[PDB]
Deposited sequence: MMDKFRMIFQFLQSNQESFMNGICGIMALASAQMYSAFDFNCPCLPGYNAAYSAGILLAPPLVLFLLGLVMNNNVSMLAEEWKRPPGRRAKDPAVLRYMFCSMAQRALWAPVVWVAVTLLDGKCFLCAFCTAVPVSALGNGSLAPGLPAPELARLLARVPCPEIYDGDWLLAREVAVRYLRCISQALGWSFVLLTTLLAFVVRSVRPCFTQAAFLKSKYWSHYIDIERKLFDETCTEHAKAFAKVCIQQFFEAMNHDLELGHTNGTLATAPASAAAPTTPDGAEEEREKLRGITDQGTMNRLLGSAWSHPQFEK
């Protein structure tokens, strides 16, 4: 929920500017596509109250179920982030602009990969001959949205299969897991109210021992 809402609204606040240099284009875009997905995965494992308990008095089946159910909810931000990035076209445009068919709809090996690398940067682009900048753009942003929809499809067709076979699920392990998660909470609330009554008997003997001073 909030994790998935902070994944799409964290994309618009982060500015994508790319170097438009013939070697840094691909390296910069590969890392601004893979790293923040990997950060939203670890930030979903860290922030549920079972990461330490799995880190023995519990059956191996109950651990395997309680682990695989832990990861599957961490995969909602890593998937919503990669989809909004491919449906935008900025990351795909910078990484692949240097390899575009200039003969169809359109100098050594250098002087051309250095000219084509400035396509995503409108104020730097000089070579408006050999290619209109809006013809190379608007063609790489369509190949990017064909992949952004093939990813949402194959990913939704896979979350459907893991609700019909339900691997790593047995009713014996699903029941034993739901019981132990209840024992955790009740033992907590019982401990607190036993701490606020064994202390309240020492409070009354401390106050009247300190009400000895300010009464004379």
| query | finding |
| --- | --- |
| Stretches with no C-alpha atoms in the model, relative to the deposited sequence starting at 1 | 1-24, 80-88, 140-146, 257-314 |
